[PDB]
Amino acid sequence: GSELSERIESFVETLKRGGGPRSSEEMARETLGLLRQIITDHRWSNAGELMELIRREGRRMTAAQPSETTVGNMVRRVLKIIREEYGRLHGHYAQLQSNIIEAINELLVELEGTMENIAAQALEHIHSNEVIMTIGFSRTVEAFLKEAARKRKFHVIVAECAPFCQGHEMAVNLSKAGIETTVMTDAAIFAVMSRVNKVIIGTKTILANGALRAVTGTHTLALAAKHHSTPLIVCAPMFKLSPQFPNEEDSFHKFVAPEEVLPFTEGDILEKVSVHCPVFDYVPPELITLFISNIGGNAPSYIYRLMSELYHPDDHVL
Amino acid sequence: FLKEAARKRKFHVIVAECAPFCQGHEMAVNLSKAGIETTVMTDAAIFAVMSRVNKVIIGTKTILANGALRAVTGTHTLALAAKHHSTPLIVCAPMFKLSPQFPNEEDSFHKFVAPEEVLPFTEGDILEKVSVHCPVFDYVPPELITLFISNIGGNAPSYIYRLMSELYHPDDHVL
Amino acid sequence: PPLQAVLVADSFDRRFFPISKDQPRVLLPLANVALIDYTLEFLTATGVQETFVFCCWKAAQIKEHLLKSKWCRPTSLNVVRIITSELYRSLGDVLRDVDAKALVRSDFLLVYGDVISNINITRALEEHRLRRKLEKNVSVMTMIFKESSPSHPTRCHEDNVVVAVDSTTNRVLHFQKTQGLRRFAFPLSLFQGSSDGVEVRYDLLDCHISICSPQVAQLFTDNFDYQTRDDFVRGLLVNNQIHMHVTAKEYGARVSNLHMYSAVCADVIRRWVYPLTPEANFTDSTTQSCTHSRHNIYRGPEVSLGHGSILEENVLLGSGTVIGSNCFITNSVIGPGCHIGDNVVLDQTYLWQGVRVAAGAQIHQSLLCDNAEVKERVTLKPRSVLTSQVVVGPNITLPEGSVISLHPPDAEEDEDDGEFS
Amino acid sequence: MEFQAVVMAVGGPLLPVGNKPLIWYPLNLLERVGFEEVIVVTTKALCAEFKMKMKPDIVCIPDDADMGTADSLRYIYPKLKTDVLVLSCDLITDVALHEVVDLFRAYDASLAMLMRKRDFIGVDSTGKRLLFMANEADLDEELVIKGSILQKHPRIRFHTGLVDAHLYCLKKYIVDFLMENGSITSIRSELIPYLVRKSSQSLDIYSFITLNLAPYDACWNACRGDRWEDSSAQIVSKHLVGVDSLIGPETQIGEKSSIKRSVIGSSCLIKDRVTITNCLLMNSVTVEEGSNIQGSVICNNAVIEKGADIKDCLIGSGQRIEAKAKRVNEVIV
Amino acid sequence: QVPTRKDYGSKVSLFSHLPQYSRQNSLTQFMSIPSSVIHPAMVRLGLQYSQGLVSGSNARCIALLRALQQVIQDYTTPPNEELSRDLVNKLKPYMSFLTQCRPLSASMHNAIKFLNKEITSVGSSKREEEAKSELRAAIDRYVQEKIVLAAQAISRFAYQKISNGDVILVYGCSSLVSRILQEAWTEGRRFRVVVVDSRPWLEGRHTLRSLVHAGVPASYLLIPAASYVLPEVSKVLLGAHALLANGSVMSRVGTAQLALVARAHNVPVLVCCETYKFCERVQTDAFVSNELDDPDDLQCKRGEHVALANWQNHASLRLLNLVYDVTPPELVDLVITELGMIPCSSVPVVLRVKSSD
């Protein structure tokens, strides 16, 4: 298999590369491109050696970078696809791969319409003369806000996340559709969140405690919003749900070059000190008020049945 | 307070009346003829609407030594609701009507009035197997207010202790 | 489609040698790794699939190493070619060798086989090619390195530089390597013809990552007495033009010494070189399988950490690393093939393959190499080295600096042990 | 107390007329912003001829005629008390001065400069900390900078094509330092003894770097004298078709007298066919009937008549001729 | 003749009391290089005070106090005239020049109230030159006893209140926190001090470079990664700018943030203050007395795109970075004042420690 090897090393070479471009939409479509092609690559006389194939592939691209994990649970969703198709031949060879292709095509059909469904879910919660607060962005976040602003009025106030800043990108991106934002420093939240009344963040991946590792600075603002008891809303889809558990693994917070957080121009100061900073935070699952999935609002602990009948929970070997 | 502070700024006062029998509507019609655009509501709708309040006063009548306050009824549930939204609590009592007395040192400082104002005397046959009682005065702990205002300026919830000890000879607790 | 590069691995920094004798420069690890694979992963980060590694000496060691690399596999993308010749004794000799051999096409990259960096040159490489193609084909070189401290520990007293630059063209007005000096003079063929505002900067450091084209190849067919990059760039300054490129993001430097080797190893473990981090384990084996933890510490396979044996800051450990109890180690690297007694304190030390150490060996600031043994109560002092099966017994409170290895005339032992002859 | 400032009487009055005797020009521009207590140190018979000046104050101090420039300081030291914003002759005053003196206030150094639009001064990339200098003639040695002064500052800027302004924002301890060390004159070259890095007053030395131009200092400087700074109020003619010029009070302005970047002085009899100048024309003039001009500063008691001829040659005082063809070299006129 | 001052760009409606002011204009574009009213050393140290190098509260108070020292070191009151009321009638327009040059940080308000206290105390029929001499003696003994004797007493309490084997974080910046930490370090104690800062400033590089020149290990990060440090630290120190009447530590940008996330993982807080750093007025929260620094300073040096560069062309766009903010009283545990380890809500006792009553 010539194409499979070069495409998986291109995938892991942009995985060890890091950020750029945006998020797991393009990374998701790269994963399903890999997975689509690796059922159309090489023959099999049973499903078991195919499991050896895709298990070796999943363990290598997972041990590439366990920072982001949508690669893993898209492998797990094609694992539940192959399991429900390995059942309904005995429930040996022919109809399988076609079923895999069409099922992942309907996976595409769902995941393309995710942000439009969040836009359809948008006009239920917020209303006029209000305020709202965010930390960074995925594109789902400003999709939610700009579609909410397409008919209604509010006044958003935004502290970024900045070991390195990217909340300014959303700040300007919905400065120019007429929203009246304020961009905030990443510390004066507590001065103003007493006056804010709703708060909505968008994470990057949410896990099997019903919990969430998000962008930096989310745990602090989340505990702050609990202190005023104002509800904090995760706008993450049904697409990031991952069977990891926080301290089972090895440091899901992991780290970058601190020239991100230090100018190199200070002198002889830096030799003794061992500075460090993570990419993520950790928020305990008691603290999210309400998801916004594609299908509708769901409980903060609606999670284990989602995994028992939205995955193959025996295949937590990954 | 509000007559001074509305004359140069603009705000939006909402008021739930103190109604075993009502007199907060008399407050409403009294201040509304200066036009601050105030609203009234029932006494059991306060909890949801304090997601959109940001500060709350309480006009009390009797404040005691221990930092707690002995106000009209309904203030305890509103105090606990403002606790569960963390908006600050201010009590606009002067230093004048501070008392040195103590809550359960006094044998039921509450005073009930006739329950005619809660179960009216057009009741039929229901009455003589049901107890009915309503206080005018409730008790709300010192833990929950934050900001006094007085003649000399604002003071801490704990700082009324010195106001007692310097404003009262501390063994006249026996009247 | 311009994608070309070339590597060199020849130096002769005879200040703090003989470490370059049997484990030479070209297989000097950091933690059971290859520094040439650090350069090689950096030239994967370039985007170039074609490179030409230059052997200096012990070519069969390169033969065994690159037959078990990632790039021995012909399925791999970034192909590596090699030169086979042991007759050559400088920097530019093999350069004009491969250029008289003339299998070098265009606008390539030369870099030395020590450099660890993580700057993607494709925001500056195509900028160099823009300056080449749109302007006269005369700006032939752009050396590139990093904005730095006014005094940094990885810029040591033997390689420090200072550069006068243009206001905004970022072309070199003056360069001078200034070891053995205290004050700074300036040539004057660059001052009134540069009537634009002169920028003199003291905060940079020289690292040999030269992107260049084979016009440079002809410019050292011109002067046959040219040997290094230093007389290239100083033969630029006699009148075919050069810029620099400073950046604000990464860390790229080199070592031929041991001192800024210790500095760059301190830079690796507290991770001034992310994305390139040694726990992604980019070279391919399970013999480097270590995770993360608190305080940027790493624990490999068959760990066996001792009871109460605290292990606080910025270290890792490899394979077969038996650890005893009650030790205390900070800001250092223990590699594979390790055994530890008790109270075996290390500090900024280096314990490569096969090493042993007895209990109570209170040792600070070492540099130590293959399959070495050291007995009880060897108190040892900073800025020294041990190499290639040393044996030192009890009650040696060894002094500050003592190069101790198999060679009589320069190293301060003989082919027996290092206490006494 | 800050309020002391004076123009130097020499540069390094009688002749250099841009449009006025030149010292009239910086005095109204220092009196522009305050300084109701100010001195005008002279040095000679030019001390009591200031009725045209309409002062709030002056302190007209005469001095010896043969001197340098620190001799003024050692002469004037028994009358000053505070900060000295000393000025000089051949300087433009065409820029904001408030920001340099409040920079002296702002960044707690003892001094400040104007360095605004063969010379190499060292300023930081912050652009307010000057370091050292180099020039066209004295620095025949190449140029050498010291180790620690360039090790404490990692990058530096060399403003090159730029003139000195002879400005000094200095306070009292340097002037009684000069009373102690009375050896070194030449305030333009007392700044190589600056000693940022090493004591009778942890010490700092700064400067300030709109960007218009300055005058050449040999004798004339009238290339800056053609200045259309912000012609005002006089007895006028409304017959001369001329713009970018100044009218002449108590003078004979009429028709046929054009002034393209020139002026009309006092008793300037320009009413016949006078010509456009691109030059200067002072008082007591009578120049018309083809009195052409190019590069020709026509001083007081000016005369060029009857088809006069002049091009690329200045004039002076005491000229009385009709056919004196001034050649394209600036010749004796 | 009357000083004025304008505002800069878009402004938040919630801050009708305190405006925004940009750091990029002169303060002599309305008044000359002299001023018959305002004093040259005053505009000297006020323009020092405005640009933002005179940052610490103790440092800005001693700067203002030596400015007032230079004021009454030479000021000749003209005769047939009263001393005290004319001195306050001249010096409080000077206070107006101060608060319009840069707004109040009320420790210096306590200083000028102290100055009123001193000028109305010494009479007017008293000969006034030695009255000036004893007045300048009074104010400088006042300021040295306050600053350095409070620093020495707080260091004296601090010798015992750091354990061994522990660590500590610091936030904010002052000279006293640096004196506390190095005068805790150099006596045989062994503790590493992580230092945490914020943006747009990263002020505490000051405290970090002082602390590493005191030779103490460290690690440095930002309060939106303060969720990572709460497993490790065993006690948390804070600085303080001002001390509000019900025990609110009016303080640096992210102070109450760190207090909340401190006892969100239950590691007790500890602040530091002093005598004259107590006001009279009292407030509920942030939205009354809180300055704004520069808006445009929010910037990252990443690529070619400053992501708030074109700020001025937008009009339906706002921004805030509040710096000088508050804290609820029952999460700041106690202060270390010179009077001792005294808990939070017990602070305003010092109002009538005057008349021995």
# chains A, B, ... in the order shown; residues from 1 in each chain; ligands from 1

$ residues_around --residues "residue 133 in chain B" --least-positions-apart "6" --cutoff "9 Å" --atoms "only C-alpha atoms" --output "PyMOL selection string"
chain B and resi 112-115+118

$ residues_around --residues "residue 181 in chain E" --least-positions-apart "6" --cutoff "9 Å" --atoms "only C-alpha atoms" --output "number ranges by chain"
E: 155, 158, 193, 211

$ interface_residues --of "chain E" --to "chain C" --cutoff "12 Å" --atoms "only C-alpha atoms" --output "mmCIF file with N, CA and C atoms, in the first residue's frame"
data_model
loop_
_atom_site.group_PDB
_atom_site.id
_atom_site.type_symbol
_atom_site.label_atom_id
_atom_site.label_comp_id
_atom_site.auth_asym_id
_atom_site.auth_seq_id
_atom_site.Cartn_x
_atom_site.Cartn_y
_atom_site.Cartn_z
ATOM 1 N N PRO E 217 15.191 29.973 43.464
ATOM 2 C CA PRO E 217 14.552 29.350 42.296
ATOM 3 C C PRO E 217 13.101 29.779 42.125
ATOM 4 N N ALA E 218 12.567 29.536 40.927
ATOM 5 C CA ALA E 218 11.276 30.091 40.547
ATOM 6 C C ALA E 218 10.672 29.304 39.393
ATOM 7 N N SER E 219 9.423 29.643 39.069
ATOM 8 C CA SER E 219 8.802 29.292 37.798
ATOM 9 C C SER E 219 7.673 30.281 37.551
ATOM 10 N N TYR E 228 -3.317 25.503 37.036
ATOM 11 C CA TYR E 228 -2.338 24.431 37.082
ATOM 12 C C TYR E 228 -1.534 24.448 38.370
ATOM 13 N N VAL E 229 -1.418 25.599 39.021
ATOM 14 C CA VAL E 229 -0.506 25.729 40.149
ATOM 15 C C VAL E 229 -1.141 25.390 41.492
ATOM 16 N N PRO E 231 -2.566 22.630 42.607
ATOM 17 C CA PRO E 231 -2.115 21.410 43.295
ATOM 18 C C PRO E 231 -0.789 21.552 44.024
ATOM 19 N N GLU E 232 0.063 22.506 43.653
ATOM 20 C CA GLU E 232 1.429 22.470 44.165
ATOM 21 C C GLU E 232 1.655 23.391 45.356
ATOM 22 N N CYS E 300 -0.014 41.194 20.319
ATOM 23 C CA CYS E 300 0.859 40.036 20.253
ATOM 24 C C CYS E 300 1.788 40.196 19.060
ATOM 25 N N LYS E 301 3.041 39.792 19.230
ATOM 26 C CA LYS E 301 4.045 39.927 18.173
ATOM 27 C C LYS E 301 4.108 38.679 17.298
ATOM 28 N N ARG E 302 2.967 38.223 16.791
ATOM 29 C CA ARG E 302 2.884 36.925 16.118
ATOM 30 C C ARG E 302 2.492 37.192 14.671
ATOM 31 N N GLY E 303 3.434 36.952 13.764
ATOM 32 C CA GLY E 303 3.173 37.224 12.372
ATOM 33 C C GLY E 303 3.126 38.717 12.105
ATOM 34 N N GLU E 304 2.365 39.081 11.081
ATOM 35 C CA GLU E 304 2.283 40.458 10.626
ATOM 36 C C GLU E 304 0.973 41.126 11.003
#

$ closest_atom_pairs --of "chain B" --to "chain A" --cutoff "9 Å" --atoms "only C-alpha atoms" --output "Markdown table"
| residue | atom | partner | partner_atom | distance |
| --- | --- | --- | --- | --- |
| B:51 | CA | A:197 | CA | 6.6 |
| B:52 | CA | A:197 | CA | 6.6 |
| B:53 | CA | A:195 | CA | 8.8 |
| B:54 | CA | A:195 | CA | 6.4 |
| B:83 | CA | A:228 | CA | 8.7 |
| B:84 | CA | A:229 | CA | 6.3 |
| B:85 | CA | A:228 | CA | 5.1 |
| B:86 | CA | A:228 | CA | 4.9 |
| B:87 | CA | A:194 | CA | 7.1 |

$ write_last_selection --atoms "N, CA, C and O atoms" --output "PDB file, in the first residue's frame"
ATOM      1  N   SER B  51     -31.690  36.790  38.930  1.00  0.00           N
ATOM      2  CA  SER B  51     -30.664  36.583  37.918  1.00  0.00           C
ATOM      3  C   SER B  51     -30.438  37.854  37.116  1.00  0.00           C
ATOM      4  O   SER B  51     -29.449  37.963  36.386  1.00  0.00           O
ATOM      5  N   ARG B  52     -31.352  38.818  37.236  1.00  0.00           N
ATOM      6  CA  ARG B  52     -31.249  40.059  36.482  1.00  0.00           C
ATOM      7  C   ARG B  52     -31.300  41.265  37.410  1.00  0.00           C
ATOM      8  O   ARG B  52     -31.562  42.383  36.959  1.00  0.00           O
ATOM      9  N   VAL B  53     -31.099  41.050  38.709  1.00  0.00           N
ATOM     10  CA  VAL B  53     -30.851  42.150  39.632  1.00  0.00           C
ATOM     11  C   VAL B  53     -29.342  42.169  39.817  1.00  0.00           C
ATOM     12  O   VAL B  53     -28.652  41.227  39.411  1.00  0.00           O
ATOM     13  N   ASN B  54     -28.803  43.237  40.394  1.00  0.00           N
ATOM     14  CA  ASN B  54     -27.383  43.219  40.696  1.00  0.00           C
ATOM     15  C   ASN B  54     -27.068  43.720  42.100  1.00  0.00           C
ATOM     16  O   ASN B  54     -25.950  43.537  42.588  1.00  0.00           O
ATOM     17  N   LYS B  83     -28.021  35.445  48.354  1.00  0.00           N
ATOM     18  CA  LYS B  83     -26.837  34.634  48.606  1.00  0.00           C
ATOM     19  C   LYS B  83     -26.562  33.714  47.433  1.00  0.00           C
ATOM     20  O   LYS B  83     -25.413  33.577  46.996  1.00  0.00           O
ATOM     21  N   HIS B  84     -27.609  33.093  46.886  1.00  0.00           N
ATOM     22  CA  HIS B  84     -27.379  32.151  45.796  1.00  0.00           C
ATOM     23  C   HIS B  84     -27.362  32.854  44.437  1.00  0.00           C
ATOM     24  O   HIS B  84     -27.602  32.226  43.400  1.00  0.00           O
ATOM     25  N   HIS B  85     -27.089  34.153  44.420  1.00  0.00           N
ATOM     26  CA  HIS B  85     -26.656  34.839  43.215  1.00  0.00           C
ATOM     27  C   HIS B  85     -25.502  35.791  43.486  1.00  0.00           C
ATOM     28  O   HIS B  85     -25.025  36.443  42.554  1.00  0.00           O
ATOM     29  N   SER B  86     -25.082  35.905  44.750  1.00  0.00           N
ATOM     30  CA  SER B  86     -23.877  36.612  45.198  1.00  0.00           C
ATOM     31  C   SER B  86     -23.899  38.111  44.904  1.00  0.00           C
ATOM     32  O   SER B  86     -22.846  38.756  44.908  1.00  0.00           O
ATOM     33  N   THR B  87     -25.064  38.682  44.641  1.00  0.00           N
ATOM     34  CA  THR B  87     -25.182  40.133  44.588  1.00  0.00           C
ATOM     35  C   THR B  87     -24.982  40.695  45.991  1.00  0.00           C
ATOM     36  O   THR B  87     -25.320  40.020  46.967  1.00  0.00           O
TER      37      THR B  87
END

$ closest_atom_pairs --of "chain A" --to "chain E" --cutoff "6 Å" --atoms "only C-alpha atoms" --output "Markdown table"
| residue | atom | partner | partner_atom | distance |
| --- | --- | --- | --- | --- |
| A:168 | CA | E:307 | CA | 5.8 |
| A:180 | CA | E:316 | CA | 4.9 |
| A:181 | CA | E:317 | CA | 5.5 |
| A:182 | CA | E:319 | CA | 4.0 |
| A:183 | CA | E:319 | CA | 4.5 |
| A:184 | CA | E:320 | CA | 5.1 |
| A:185 | CA | E:321 | CA | 4.9 |
| A:187 | CA | E:254 | CA | 4.6 |
| A:188 | CA | E:322 | CA | 5.8 |
| A:191 | CA | E:286 | CA | 5.5 |
| A:216 | CA | E:224 | CA | 5.8 |
| A:217 | CA | E:224 | CA | 3.8 |
| A:273 | CA | E:218 | CA | 5.1 |
| A:274 | CA | E:219 | CA | 5.3 |
| A:275 | CA | E:219 | CA | 4.5 |

$ residues_around --residues "residue 2 in chain B" --least-positions-apart "3" --cutoff "9 Å" --atoms "only C-alpha atoms" --output "MDAnalysis selection string"
chainID B and resid 5:7 13 31 36

$ residues_around --residues "residue 84 in chain C" --least-positions-apart "3" --cutoff "10 Å" --atoms "only C-alpha atoms" --output "ChimeraX atom specification"
/C:53-57,59-60,87

$ closest_atom_pairs --of "chain D" --to "chain A" --cutoff "12 Å" --atoms "only C-alpha atoms" --output "Markdown table"
| residue | atom | partner | partner_atom | distance |
| --- | --- | --- | --- | --- |
| D:151 | CA | A:267 | CA | 10.6 |
| D:152 | CA | A:267 | CA | 9.6 |
| D:153 | CA | A:267 | CA | 10.7 |
| D:154 | CA | A:265 | CA | 9.3 |
| D:155 | CA | A:265 | CA | 11.3 |

$ write_last_selection --atoms "N, CA, C and O atoms" --output "short mmCIF file (atom, residue, chain, number, x, y, z; two decimals), in the first residue's frame"
data_model
loop_
_atom_site.label_atom_id
_atom_site.label_comp_id
_atom_site.auth_asym_id
_atom_site.auth_seq_id
_atom_site.Cartn_x
_atom_site.Cartn_y
_atom_site.Cartn_z
N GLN D 151 27.40 46.49 26.02
CA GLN D 151 26.95 45.23 26.57
C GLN D 151 25.74 45.44 27.48
O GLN D 151 24.94 44.52 27.68
N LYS D 152 25.57 46.66 27.98
CA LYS D 152 24.37 46.97 28.76
C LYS D 152 23.23 47.38 27.83
O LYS D 152 22.06 47.33 28.21
N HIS D 153 23.56 47.74 26.61
CA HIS D 153 22.51 48.06 25.65
C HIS D 153 22.69 47.21 24.40
O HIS D 153 23.72 47.28 23.74
N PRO D 154 21.70 46.42 24.04
CA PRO D 154 21.92 45.35 23.06
C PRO D 154 21.84 45.80 21.61
O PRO D 154 22.38 45.12 20.73
N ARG D 155 21.14 46.89 21.34
CA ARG D 155 21.00 47.40 19.98
C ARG D 155 21.03 48.92 19.98
O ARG D 155 20.67 49.57 20.96
#

$ interface_residues --of "chain E" --to "chain D" --cutoff "10 Å" --atoms "only C-alpha atoms" --output "PyMOL selection string"
chain E and resi 25-29+31-36+39-41+43-51+53

$ interface_residues --of "chain D" --to "chain C" --cutoff "6 Å" --atoms "only C-alpha atoms" --output "PDB file with N, CA, C and O atoms, in the first residue's frame"
ATOM      1  N   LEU D 143      36.138  53.995  13.999  1.00  0.00           N
ATOM      2  CA  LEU D 143      35.340  54.363  15.175  1.00  0.00           C
ATOM      3  C   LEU D 143      35.337  53.165  16.118  1.00  0.00           C
ATOM      4  O   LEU D 143      35.128  52.027  15.683  1.00  0.00           O
ATOM      5  N   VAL D 144      35.570  53.405  17.404  1.00  0.00           N
ATOM      6  CA  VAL D 144      35.695  52.344  18.392  1.00  0.00           C
ATOM      7  C   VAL D 144      34.695  52.614  19.502  1.00  0.00           C
ATOM      8  O   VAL D 144      34.621  53.734  20.020  1.00  0.00           O
ATOM      9  N   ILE D 145      33.925  51.594  19.868  1.00  0.00           N
ATOM     10  CA  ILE D 145      33.006  51.699  20.990  1.00  0.00           C
ATOM     11  C   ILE D 145      33.432  50.685  22.047  1.00  0.00           C
ATOM     12  O   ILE D 145      34.069  49.674  21.725  1.00  0.00           O
ATOM     13  N   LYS D 146      33.132  50.986  23.310  1.00  0.00           N
ATOM     14  CA  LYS D 146      33.634  50.206  24.426  1.00  0.00           C
ATOM     15  C   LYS D 146      32.708  49.031  24.727  1.00  0.00           C
ATOM     16  O   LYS D 146      31.561  48.970  24.277  1.00  0.00           O
ATOM     17  N   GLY D 147      33.229  48.088  25.506  1.00  0.00           N
ATOM     18  CA  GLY D 147      32.549  46.832  25.749  1.00  0.00           C
ATOM     19  C   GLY D 147      31.304  46.912  26.604  1.00  0.00           C
ATOM     20  O   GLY D 147      30.245  46.440  26.190  1.00  0.00           O
ATOM     21  N   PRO D 154      21.702  46.417  24.043  1.00  0.00           N
ATOM     22  CA  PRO D 154      21.922  45.350  23.063  1.00  0.00           C
ATOM     23  C   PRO D 154      21.836  45.796  21.613  1.00  0.00           C
ATOM     24  O   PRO D 154      22.378  45.125  20.734  1.00  0.00           O
ATOM     25  N   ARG D 155      21.144  46.894  21.338  1.00  0.00           N
ATOM     26  CA  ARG D 155      20.999  47.395  19.979  1.00  0.00           C
ATOM     27  C   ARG D 155      21.035  48.918  19.980  1.00  0.00           C
ATOM     28  O   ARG D 155      20.673  49.570  20.962  1.00  0.00           O
ATOM     29  N   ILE D 156      21.478  49.490  18.857  1.00  0.00           N
ATOM     30  CA  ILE D 156      21.731  50.923  18.785  1.00  0.00           C
ATOM     31  C   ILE D 156      21.428  51.424  17.372  1.00  0.00           C
ATOM     32  O   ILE D 156      21.445  50.664  16.398  1.00  0.00           O
ATOM     33  N   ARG D 157      21.108  52.711  17.281  1.00  0.00           N
ATOM     34  CA  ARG D 157      20.755  53.390  16.040  1.00  0.00           C
ATOM     35  C   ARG D 157      21.753  54.507  15.797  1.00  0.00           C
ATOM     36  O   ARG D 157      22.113  55.231  16.731  1.00  0.00           O
ATOM     37  N   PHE D 158      22.195  54.650  14.553  1.00  0.00           N
ATOM     38  CA  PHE D 158      23.054  55.751  14.149  1.00  0.00           C
ATOM     39  C   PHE D 158      22.306  56.689  13.214  1.00  0.00           C
ATOM     40  O   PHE D 158      22.272  56.461  12.000  1.00  0.00           O
ATOM     41  N   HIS D 159      21.704  57.733  13.774  1.00  0.00           N
ATOM     42  CA  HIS D 159      21.268  58.875  12.988  1.00  0.00           C
ATOM     43  C   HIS D 159      22.496  59.551  12.403  1.00  0.00           C
ATOM     44  O   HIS D 159      23.387  59.984  13.138  1.00  0.00           O
ATOM     45  N   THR D 160      22.545  59.622  11.073  1.00  0.00           N
ATOM     46  CA  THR D 160      23.745  60.032  10.355  1.00  0.00           C
ATOM     47  C   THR D 160      23.601  61.374   9.659  1.00  0.00           C
ATOM     48  O   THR D 160      24.342  62.314   9.965  1.00  0.00           O
TER      49      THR D 160
END

$ select_by_dssp --residues "range 79-254 of chain D" --states "alpha helix (DSSP H)" --output "number ranges by chain"
D: 98-106, 172-180, 222-225

$ closest_residue --among "E:83, E:248, E:18, E:203" --to "residue 52 in chain E" --atoms "only C-alpha atoms"
E:203
